[PDB]
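**Q** Protein sequence lines correspond, in order, to chains C and B.
Residue 1140 in the authors' numbering sits at position 13 of the first sequence; the count goes up by one each step and never skips.
Residue 1161 in the authors' numbering sits at position 34 of the second sequence; the count goes up by one each step and never skips.
I'd like to ask you about the structure that follows.
There are 2 protein chains.
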Amino acid sequence: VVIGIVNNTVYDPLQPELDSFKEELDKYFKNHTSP
Amino acid sequence: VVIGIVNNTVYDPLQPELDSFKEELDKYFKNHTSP
Ligand SMILES: *[C@@H]1O[C@H](CO)[C@@H](O[C@@H]2O[C@H](CO)[C@@H](O[C@@H]3O[C@H](CO)[C@@H](O)[C@H](O)[C@@H]3O)[C@H](O)[C@H]2NC(C)=O)[C@H](O)[C@H]1NC(C)=O
Ligand SMILES: *[C@@H]1O[C@H](CO)[C@@H](O[C@@H]2O[C@H](CO)[C@@H](O[C@@H]3O[C@H](CO)[C@@H](O)[C@H](O)[C@@H]3O)[C@H](O)[C@H]2NC(C)=O)[C@H](O)[C@H]1NC(C)=O
Ligand SMILES: *[C@@H]1O[C@H](CO)[C@@H](O)[C@H](O)[C@H]1NC(C)=O
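Here is the structure:
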């Protein structure tokens, strides 16, 4: 509905603030499921 | 001590904000943690 709305390879604002949570979580499950 | 207060669950969006990737995980863990 809004005019002038722009586009790029814009990441969601949701993930970069919570990178230290979800990225560490995914890395921990990947390390646990690797062997 | 507050007067005129009614009973209902609290309402302002922080729970779906940071737990966007976790509320679905909470629903999945409802069959794991609770029983
Ligand atoms: C700004 O970006 C959003 C998200 O990338 C765009 O939403 C996209 O909307 C189109 C149509 O509603 C969806 O299909 C696309 O159609 C165009 C034209 O047929 C085509 O060139 C694309 O390859 C694609 O098939 C598209 O799936 C949807 N994007 C996502 C991720 O779901 C929005 O249109 C963009 N706006 C402008 C002004 O660039
Ligand atoms: C919303 O919460 C209030 C307060 O818990 C409910 O009021 C009911 O009536 C009185 C207070 O107005 C409560 O009695 C007191 O409660 C304490 C526990 O906090 C208990 O140790 C004593 O029995 C004391 O007399 C009463 O327990 C409380 N009812 C319940 C079920 O907690 C009100 O009913 C609640 N509203 C809804 C829709 O749940
Ligand atoms: C509002 O005023 C009326 C006037 O009698 C009173 O009965 C009522 O208890 C008041 N409301 C509250 C929440 O105290």
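Just so it is clear, CB atoms sit at the ideal spot from N, CA and C, and this is done for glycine as well.
What distance in whole Å lies between the Cβ atoms of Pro1143 (chain B) and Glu1151 (chain B), which are believed to be in contact at a cut-off of 8 Å?
**A** Going by Cβ atoms, the distance from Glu1151 (chain B) to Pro1143 (chain B) rounds to 10 Å, so no, they are not a contact pair.
**Q** Should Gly1131 (chain B) be listed as close to ligand 3, given that the test is whether its C-beta is under 7 Å from any heavy atom?
**A** Yes, ligand 3 has a heavy atom inside 7 Å of this Cβ.
**Q** Would you mind telling me which residues of chain B sit closer than 7 Å to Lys1149 (chain C), beta carbon to beta carbon, in chain order?
**A** The contacting residues are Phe1148.
**Q** Which of helix, strand or coil does DSSP assign to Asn1158 (chain C)?
**A** It is helical.
**Q** Would you mind telling me which residues of chain C sit closer than 9 Å to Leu1145 (chain B), beta carbon to beta carbon, in chain order?
**A** Those are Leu1141, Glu1144, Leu1145, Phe1148, listed as they occur along chain C.
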